[PDB]
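Enquirer: This structure is in structure tokens; I'll ask about it shortly.
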2 protein chains.
Amino acid sequence: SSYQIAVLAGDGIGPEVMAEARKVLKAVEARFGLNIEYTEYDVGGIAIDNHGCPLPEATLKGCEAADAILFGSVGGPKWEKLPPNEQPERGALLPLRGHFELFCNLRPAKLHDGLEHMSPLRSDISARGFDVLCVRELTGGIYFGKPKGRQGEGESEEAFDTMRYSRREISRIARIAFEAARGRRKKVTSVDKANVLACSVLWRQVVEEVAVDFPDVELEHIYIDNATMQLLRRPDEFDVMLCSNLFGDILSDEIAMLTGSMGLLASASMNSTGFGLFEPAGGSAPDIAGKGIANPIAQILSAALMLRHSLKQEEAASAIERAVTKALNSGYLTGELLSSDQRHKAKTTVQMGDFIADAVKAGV
Amino acid sequence: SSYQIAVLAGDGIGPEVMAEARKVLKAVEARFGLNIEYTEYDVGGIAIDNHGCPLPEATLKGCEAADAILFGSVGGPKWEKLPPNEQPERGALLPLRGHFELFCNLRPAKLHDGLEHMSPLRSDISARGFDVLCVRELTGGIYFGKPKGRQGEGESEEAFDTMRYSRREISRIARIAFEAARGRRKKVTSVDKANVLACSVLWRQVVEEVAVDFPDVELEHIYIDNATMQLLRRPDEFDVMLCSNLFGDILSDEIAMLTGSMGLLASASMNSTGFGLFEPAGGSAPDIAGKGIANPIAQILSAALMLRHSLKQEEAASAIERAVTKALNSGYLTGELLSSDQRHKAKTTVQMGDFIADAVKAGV
Ligand SMILES: CC(C)[C@H](C(=O)O)[C@@H](O)C(=O)O
Ligand SMILES: CC(C)[C@H](C(=O)O)[C@@H](O)C(=O)O
Ligand SMILES: [Mg+2]
Ligand SMILES: [Mg+2]
């Protein structure tokens, strides 16, 4: 029957881009006869202002009652001076990921046709193009390991975090990465620091174990330091990157920046039962909120991922995805996607969402 | 009296580039009337072949008897299939750094005049140039924290590593970074993951404490994921990056790759008494060993750093550095520094070292 979405738009540009994603979703809902109901909940900075913490109990409960979380972006200068355990980004995201066992983080990143010049890559390298999916383990590793904290005082005061992974944790995220590569260019690059870390040694070992179920998929391993170098020089040679929590954090950001168009990039954080959290790869960008300049595509595509992965509405997802393609090849680009020559052709946040929603309605 | 250097050339191109560094050192020794004696010791792959382990007791002892270690590069496909605790790179480097308390790792990286086109950066970004020194803590953090290892079996088997830092450890590496920035463009960017890690929270706090002694130096903090993005887009805006062990590992490699000329990059790993290990930033590059194509500059400049930091021979260090500059502006470039148009002008490893040594002798 009726799917239920918890909408957690957050701070900065979160609400202005979410409006567009909802618009585009309305068009898909009409097209494909989907019954989806949405409820908005405060999260992040806005929840601190309205409820005193970044993840109110009522927001968490709302997410428990939902089929998926359509998440915008959290954080801003207003809350930057809070203590770490009170700050809105970590305080929204990590407890959500932990509470819903969102172990799989998917961050697809491609260099889009006609947007090479925005890539910080040398032109010959951007011309080759790339499509790299980062598959990052999201509920384990050093993010959530214990013990975590500090002891002592003065010069001998120490703080500590424990990177821990079990075989089961590694194998479930590896399987996602292999399955994904099977649908793509059949290569998994597993990123670790096996020359230094015991966690990484187990990582590498278990990824090799999972590989036996995927004779069709090429496995290679790379150190995270070396990986930062290779993505810069030859990102065309990667297909799926499979990473631990901290290493995928790092690499997914690098890869996103290499596109030159982070406003296009969405992500999915999924548990094993199909519930997930779908959010743009980029931040709350408070510098631009309320001006109608923010690119809503990453939010719109977060809604497409939501449809695909949580709602099992692949047609609807793909329709959104095609409508975004159509915008990008029909002169509907926000200002950050354009060179200075061309920046006067910039579309506003509402123009973009209107275009995209209209493309969905028109049968793209 | 006579300085004593332990020379640990290692594997792959290590020995062919070390020969040049020794050549250039001989010229400096003659110029500045330095009395330096050197003894070669096996390390890495060659030590596994000759002694059964990557860091023989006699090599470690040789290093104990020395004023500094002039280190080449370790590792190669021959040893790649060994267990992690037997492999030559980690097995040479980490016990050296730990045994000599080499807490400070310095990796200067600049985009050289006339070599912008080799940078994987977009041309307008490479044209702006950059000079970024990574100051990385080298003896602490997750590299050496305990507990480290694994427990259990089967799906519930777990491995673990503990990221730990005390105030004392953070403050000593922070001081290096501030002192270095005071000599440069007066900015320290401290890189952490304070939104997630307790270790990072202490990092950030203590770096802010150290800052009070440096009113002249601008401090800013950045998350390691965000840092990977910003170095790509605007590396001209960084001066000194100050990083924990794992975060500096990652970032220093990224920054080195952004130069496009890793064969030029040297590094210094120093304890608080002035003993250190000086090594190129790039690996053993077995693909090219024995062919006389390897760029010896990074090794030559490792010898310059050795002179400066361990031997207190600043004039000699700078002479080497000027002789390398002279090579690079006098058409003495190895093939990897040249575009395909120009690659037939490539100099061999010996030609480069002969040039550089001759420039030192000639009074550059
Ligand atoms: C905000 C922070 C806790 C988070 C993370 O580290 O996972 C963010 O960088 C991310 O990539 O979603
Ligand atoms: C070989 C490895 C243990 C080492 C490190 O991780 O420190 C290397 O990557 C480095 O940058 O010197
Ligand atoms: Mg991140
Ligand atoms: Mg490294």
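Enquirer: Considering only the stretch A:282-297, I want to know if a residue exists there that is surrounded by 20 or more Cβ atoms within 10 Å (Cβ to Cβ), closer than 25 Å to residue A:17 by Cα and under 12 Å from the mean Cα position of the chain (by Cα).
Expert: Yes, some residue in the stretch A:282-297 is surrounded by 20 or more Cβ atoms within 10 Å (Cβ to Cβ), closer than 25 Å to residue A:17 by Cα and under 12 Å from the mean Cα position of the chain (by Cα).
Enquirer: Could you run through the stretch A:193-224 and say how many residues are of a type in the set (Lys, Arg) and not in a helix (DSSP H, G or I)?
Expert: Residues meeting the conditions: 1.
Enquirer: Filter the strands (runs of 3 or more DSSP E) completely within the stretch A:227-319 down to those with at least 3 residues that are away from ligand 2 (no atom under 16 Å from the Cβ) and more than 14 Å from every other protein chain (Cβ to nearest Cβ).
Expert: The strands (runs of 3 or more DSSP E) meeting that bar are A:266-270, A:276-280.
Enquirer: Considering only the stretch A:99-110, I want to know if a residue exists there that is within 21 Å of residue A:287 (Cβ to Cβ), away from ligand 2 (no atom under 16 Å from the Cβ), not in a loop (DSSP other than H, G, I, E, B) and not charged (D, E, K, R). So that I can check it myself, show each step before the final result.
Expert: Within the stretch A:99-110, the subset within 21 Å of residue A:287 (Cβ to Cβ) is none.
No, the stretch A:99-110 has no match at all.
Enquirer: I'd like to check something: does the stretch B:82-89 contain any residue that is outside any helix (DSSP H, G or I), without any contact (Cβ under 8 Å) to a residue 60 or more places away in the chain, within 21 Å of residue B:287 (Cα to Cα) and within 16 Å of ligand 4 (Cβ to nearest atom)?
Expert: From the stretch B:82-89, those outside any helix (DSSP H, G or I) are B:82-83, B:87; that's our starting set.
If we keep only those that are without any contact (Cβ under 8 Å) to a residue 60 or more places away in the chain as well, we get B:82-83, B:87.
Now drop any that are not within 21 Å of residue B:287 (Cα to Cα), which leaves B:82, B:87.
Checking which are within 16 Å of ligand 4 (Cβ to nearest atom) leaves us with B:87.
Yes, the stretch B:82-89 contains at least one residue that is outside any helix (DSSP H, G or I), without any contact (Cβ under 8 Å) to a residue 60 or more places away in the chain, within 21 Å of residue B:287 (Cα to Cα) and within 16 Å of ligand 4 (Cβ to nearest atom).
Enquirer: Please tell me if residue B:62 is under 30 Å from residue B:331 (Cβ atoms), more than 14 Å from every other protein chain (Cβ to nearest Cβ), more than 16 Å from ligand 1 (Cβ to nearest atom) and not in a loop (DSSP other than H, G, I, E, B). Talk me through it step by step, then tell me what you get.
Expert: Working: under 30 Å from residue B:331 (Cβ atoms): no; more than 14 Å from every other protein chain (Cβ to nearest Cβ): yes; more than 16 Å from ligand 1 (Cβ to nearest atom): yes; not in a loop (DSSP other than H, G, I, E, B): yes.
No; evaluated as a whole, the condition is false for this residue.
Enquirer: Just give me the residues in the stretch A:129-146 being more than 14 Å from the chain's Cα centre (by Cα) and surrounded by 14 or more Cβ atoms within 10 Å (Cβ to Cβ), in sequence order.
Expert: Result: A:129, A:130, A:131, A:139, A:140, A:141, A:142, A:143, A:144, A:145.
One line per residue, one yes/no per condition, for (1) more than 24 Å from the chain's Cα centre (by Cα); (2) surrounded by 22 or more Cβ atoms within 10 Å (Cβ to Cβ); (3) within 16 Å of ligand 1 (Cβ to nearest atom); (4) basic (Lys, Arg):
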residue	(1), (2), (3), (4)
B:156	yes, no, no, no
B:185	no, no, no, yes
B:188	no, yes, no, no
B:207	no, yes, no, no
B:213	yes, no, no, no
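Enquirer: Name the residues in the stretch B:245-265 that are free of Cβ contacts under 8 Å to residues at least 40 places away in the same chain, within 16 Å of ligand 3 (Cβ to nearest atom) and either within 30 Å of residue B:64 (Cβ to Cβ) or polar (S, T, N, Q) (or both), would you?
Expert: Matches in the stretch B:245-265: none.
Enquirer: Same structure again: Determine, yes or no, whether residue A:260 is away from ligand 1 (no atom under 12 Å from the Cβ), touching a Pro at 6+ places or on another chain (Cβ under 9 Å) and within 26 Å of residue A:189 (Cβ to Cβ). Before the answer, list the steps.
Expert: Values: away from ligand 1 (no atom under 12 Å from the Cβ): yes; touching a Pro at 6+ places or on another chain (Cβ under 9 Å): yes; within 26 Å of residue A:189 (Cβ to Cβ): yes.
So residue A:260 fits the description; yes.
Enquirer: OK, next. Among all residue pairs at least 6 apart or on different chains, which show Cβ distances below 6 Å where the first residue, located in the stretch A:347-364, is without any contact (Cβ under 8 Å) to a residue 60 or more places away in the chain and the second is of a type outside the set (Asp, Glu) and outside any helix (DSSP H, G or I)?
Expert: Partner pairs satisfying both residue conditions: A:347/A:332; A:347/A:334; A:348/A:292; A:355/A:332.
Enquirer: Here's something else I'd like to know. Quick check, is residue A:94 without any contact (Cβ under 8 Å) to a residue 60 or more places away in the chain and within 14 Å of another protein chain (Cβ to nearest Cβ)?
Expert: Criteria met by residue A:94.
Enquirer: Kindly check whether there is at least one residue in the stretch B:119-135 that is in contact with a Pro (Cβ under 8 Å, 6 or more places away or on another chain), more than 10 Å from chain A (Cβ to nearest Cβ) and among the acidic types (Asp, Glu).
Expert: Scanning the stretch B:119-135, I find at least one residue that is in contact with a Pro (Cβ under 8 Å, 6 or more places away or on another chain), more than 10 Å from chain A (Cβ to nearest Cβ) and among the acidic types (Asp, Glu), so the answer is yes.
Enquirer: Output the number of residues of the stretch A:138-166 satisfying the condition of being in contact with a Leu (Cβ under 9 Å, 6 or more places away or on another chain) and farther than 16 Å from residue A:198 by Cβ.
Expert: 9
Enquirer: Does the stretch B:185-217 hold any residues that are out of contact with any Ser or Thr (no Cβ under 9 Å at 6 or more places or on another chain) and closer than 26 Å to residue B:257 by Cα, and which are they?
Expert: B:185, B:186, B:187, B:188, B:189, B:190
Enquirer: Mind checking which residues of the stretch A:266-281 are within 16 Å of ligand 3 (Cβ to nearest atom) and surrounded by fewer than 24 Cβ atoms within 10 Å (Cβ to Cβ)?
Expert: Passing the criteria: only A:268.
Enquirer: Report, by residue number, each residue of the stretch A:32-57 that is outside any strand (DSSP E or B), surrounded by fewer than 17 Cβ atoms within 10 Å (Cβ to Cβ) and not hydrophobic (A, V, I, L, M, F, W, C).
Expert: Correct list: A:33, A:35, A:49, A:50, A:51, A:52, A:57.
Enquirer: Does the stretch B:111-165 hold any residues that are hydroxyl-bearing (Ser, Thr, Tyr) and free of Cβ contacts under 8 Å to residues at least 12 places away in the same chain, and which are they?
Expert: Scanning the stretch B:111-165 gives B:123, B:156.
Enquirer: I'm told residue B:215 meets every condition in (1) more than 12 Å from every other protein chain (Cβ to nearest Cβ); (2) more than 21 Å from residue A:119 (Cα to Cα); (3) touching a helix residue (DSSP H, G or I) at 6+ places or on another chain (Cβ under 8 Å); (4) away from ligand 2 (no atom under 16 Å from the Cβ) except one. Can you identify the failing condition by its number?
Expert: Unmet condition: (3).
Enquirer: Within the stretch B:193-212, track down each residue that is within 11 Å of another protein chain (Cβ to nearest Cβ) and over 18 Å from residue A:81 (Cα atoms).
Expert: Matches in the stretch B:193-212: B:199 only.
Enquirer: I'd like the full set of residues that are among the basic types (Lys, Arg) and either assigned to a strand (DSSP E or B) or at the interface with chain B (Cβ under 7 Å from one of its Cβ atoms) (or both), limited to the stretch A:145-192. Can you show your working first?
Expert: Filtering the stretch A:145-192 down to residues among the basic types (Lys, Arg) leaves A:146, A:148, A:150, A:164, A:167-168, A:172, A:175, A:182, A:184-187.
Once the filter is applied, which keeps residues that are among the basic types (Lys, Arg) and either assigned to a strand (DSSP E or B) or at the interface with chain B (Cβ under 7 Å from one of its Cβ atoms) (or both), the stretch A:145-192 yields A:148, A:150, A:164, A:167, A:168, A:187.
Enquirer: Within the stretch A:346-359, how many residues turn out to be over 23 Å from the mean Cα position of the chain (by Cα) and under 21 Å from residue A:32 (Cβ atoms)?
Expert: 4
Read-outs: derived from the displayed coordinates by stated rules, not from any lab. When we count neighbours, we look across all protein chains shown, and the Cβ atoms used for this are built from the backbone with ideal geometry, even at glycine.
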